[PDB]
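Atoms considered below: every heavy atom in the structure, side chains included; atoms not considered: hydrogens, waters and symmetry mates. Every number for a ligand or one of its atoms is a count from 1 in the order of the listing. Chain naming here is simple, since letters A, B, ... match the order of the sequence lines and numbering starts at 1 in each.
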Amino acid sequence: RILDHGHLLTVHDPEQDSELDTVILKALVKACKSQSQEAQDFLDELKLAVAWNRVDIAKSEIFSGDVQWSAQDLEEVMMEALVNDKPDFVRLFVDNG
Amino acid sequence: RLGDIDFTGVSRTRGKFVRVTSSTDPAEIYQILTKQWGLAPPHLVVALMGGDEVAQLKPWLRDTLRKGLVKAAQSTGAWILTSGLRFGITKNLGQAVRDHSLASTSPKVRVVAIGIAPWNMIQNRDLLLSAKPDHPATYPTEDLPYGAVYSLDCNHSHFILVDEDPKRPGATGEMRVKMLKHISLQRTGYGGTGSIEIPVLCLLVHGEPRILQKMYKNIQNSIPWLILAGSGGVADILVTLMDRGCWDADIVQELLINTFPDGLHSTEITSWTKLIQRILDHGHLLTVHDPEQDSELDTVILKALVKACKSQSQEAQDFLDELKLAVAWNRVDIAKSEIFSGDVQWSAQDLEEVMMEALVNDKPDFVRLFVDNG
Amino acid sequence: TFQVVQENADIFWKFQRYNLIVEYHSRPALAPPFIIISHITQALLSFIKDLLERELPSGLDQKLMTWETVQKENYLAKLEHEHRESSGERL
Ligand SMILES: [Ca+2]
Ligand SMILES: [Ca+2]
C-alpha cells in the first residue's frame, strides 16, 4: 500500500542529489500537486522555494500551466522576495502576473 | 464608406477604415488596401487568431510573443492581421507595433497592424459613423472589461469593419478566411520581370471551440498555422495531441472536456472532435512554437512556411518568397537544409533577384550559398 | 604617476575637452577688455526685457523614450544571446 500511494514518497540519494532542500521542495510540491490545484495551497511551498533560491523548481512545477496564479495571490511572496533580495523570484512573479 | 479616425487619448493617432458586408469580394478590399491606402504588397502576412478570451496570456508569454512577432516582421514589409479591438493580445500586439513604428528610423519597410473587427462590437460606432473626408471622425479610447463590446485599438493603423450577416451570425470569420485566401493567391511583382507570392501564416493563441470551423477552413485553403505551446486553450489540446503522436476520438473528447468544462453537448462535441481530427490529419500545415524550446519566432515561421511550400509543390518559383524571408532573417542553415536540398531544382536565372537582394543587404552567407547553388 | 595617467590618457583628455568646450560655449563672444561691451549688453537686455539641456514637446519626448526603450531591449537581447552561446554556458 505504501508504494501504491507513491506520490507521497521520495528518495534522497546523497551520492546523486546531495542537496536536501531541492529534494524536500520537490517532495512537498509533488504532494501539493497530487492534493489540489488551487494557488492558495502552493503558498507555503512557494515561500520555501523563495527562501531556498530554487527558482528553477518554482518555474518548472509551481508556475506551470496546471496551477492558475492571480496577481493578488502573489503580493505577499512578492514582498518576501523583494525584502529578502531574491531578484530571480521578483522577475518570475512579474512574469507570472 | 472610406473614413479616417482621429484617436483622442494618450497619443494623437490616425486611422483609416472601410465598412464592408459579408458578401463583398475580397479582391475589392485588397485593391482598396493596396492602391486606395498606399500599403505596398506585403512580404509576409501574419493573421492573429484567438486571444480574445477572458483567460489572457501570462506577461512573459505575451511580451515574448509580441516582441518576437514585431522583430520578425521588422525585416520586411509585413501585415499583422488582428481583430482590431482594444482587448486581449490584440491590444498588446498593437502596442508593440506602435513602439516599433516610433523607434523605427527606416520608413521603407513598414509593419502594419490591420484590424478586422465586427461592426456590432465597436463601442461608439455611431461616433465614427460621420467620417467626413475633410474632418476625420473623433474616436475616444476606452479600456473595458471582457464584456461583449470593445473600442477600436488606437495603435492599429487600418481597419476593415464587417457588418453582421443576416443569414448567419459569423460574418467576421468568413471575411477573415476570404481575405487570407485572396492574399495567399496574390502574386506581387518581384524586381524585374518577376513575380512572387505573399507568405501567409496563421498564429493561434488560446483558441475556443468556436473558431474550429474557421481554423479548418483556413487549413483547407492550404494556409499554414502556428500554435503557441502554452497559450491556454485549444492550443494546448493541439500541442498535447501532437506530443502523443496519435489522436483518437476518446482522447480528443477527454482533452476537450478537460480543458473546456462548459462545453457539454453530444452533437457539438462530436463536431468539434471531427474538426480537430481533420485538422491534425492535415498536419503538415501545423507547427508548434514553444518559447521555452524554440524562443526564435522567425525560425519557426520560416520552417512552417517552407514545410507548407514543400508539401504544396516542388517548383523553385514557389520557394522565392520563402527564400526572401530566409535572406532577410539570416537563416542560411534553414535555407541550405530545406530550400536548397535535392528535392527542389534551382536554376541560375531563378536566383538572380535573390542574389541582388543578398548582395545589396550584405548577406555574404547567402551570396556564397547562391554561388554554390548555380 | 605618468604610467597610470597615460594608460587612461584618452578618457582624461576627452573629459578635459568636454569641460573646455562647455566653458567656452557659455562665455560671451567678446574677449576682455572688450567683454565689457557684452556685459553691458546683457545687463541692458535683462533690464529692458540652448544647444544642451533643451525641453522637448510631449509627443517627441514620448517618441524618444520609446525609442530608447526599444534600443535598451535590443541591447539586452544581444547580451542574452551572447551569454547563451558562450563556452561556459554551452559546457
Ligand atoms: Ca501546501
Ligand atoms: Ca511560397
Side-chain angles (χ1 to χ4, degrees), chain A residues 7-8 10 21 23-34 36 39-52 54 57-58 62-64 67 69 73-74 77 80, chain B residues 41-47 76-79 180-191 194 196-202 218-219 221-226 284-285 287 298 300-311 313 316-329 331 334-335 339-341 344 346 350-351 354 357:
Chain A
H7 60 285
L8 297 182
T10 324
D21 51 20
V23 197
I24 289 181
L25 191 59
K26 223 174 310 307
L28 295 165
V29 165
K30 201 171 31 152
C32 215
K33 256 161 173 195
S34 271
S36 92
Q40 266 308 309
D41 309 331
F42 281 78
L43 264 206
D44 41 343
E45 281 81 24
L46 190 50
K47 177 181 184 300
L48 283 188
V50 172
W52 290 335
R54 302 268 92 104
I57 299 180
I62 300 173
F63 282 104
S64 64
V67 166
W69 283 98
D73 289 345
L74 295 164
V77 279
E80 277 203 356
Chain B
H43 294 135
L44 166 73
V45 174
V46 172
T76 73
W79 293 358
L180 284 177
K181 192 197 56 44
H182 177 76
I183 288 178
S184 175
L185 295 182
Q186 283 312 118
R187 274 208 148 257
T188 189
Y190 195 21
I196 35 164
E197 317 149 343
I198 300 186
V200 177
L201 182 73
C202 276
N218 283 317
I219 282 269
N221 291 345
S222 297
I223 286 167
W225 277 73
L226 191 65
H284 60 285
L285 297 182
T287 324
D298 51 20
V300 197
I301 289 181
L302 191 59
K303 223 174 310 307
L305 295 165
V306 165
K307 201 171 31 152
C309 215
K310 256 161 173 195
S311 271
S313 92
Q317 266 308 309
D318 309 331
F319 281 78
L320 264 206
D321 41 343
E322 281 81 24
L323 190 50
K324 177 181 184 300
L325 283 188
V327 172
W329 290 334
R331 302 268 92 104
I334 299 180
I339 300 173
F340 282 104
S341 64
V344 166
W346 283 98
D350 289 345
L351 295 164
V354 279
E357 277 203 356

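- Taking all atoms of both residues into account, the shortest heavy-atom contact from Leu48(A) to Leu25(A) is CB-CD1, 4.1 Å.
- Taking the six-membered ring for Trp and thresholds of 30 and 60 degrees, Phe340(B) and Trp346(B) have ring planes inclined between 30 and 60 degrees apart.
- The angle subtended at the Ca ion (ligand 2) by OD1 of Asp321(B) and O of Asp318(B) is 70°, given to the nearest 10°.
- In this structure, the separation between CZ on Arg187(B) and CD on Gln317(B) is 6.0 Å, given to the nearest 0.5 Å.
- Atom OE1 is the N, O or S atom of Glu197(B) at the shortest distance from the Ca ion (ligand 2).
- Within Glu45(A), the N/O/S atom positioned nearest the Ca ion (ligand 1) carries the name OE1.
- Partners of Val45(B) by side-chain contact (heavy atoms from CB on, under 4.5 Å), not counting sequence neighbours, listed by chain and number: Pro42(B), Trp79(B), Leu81(B), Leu180(B), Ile183(B), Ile198(B), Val200(B).
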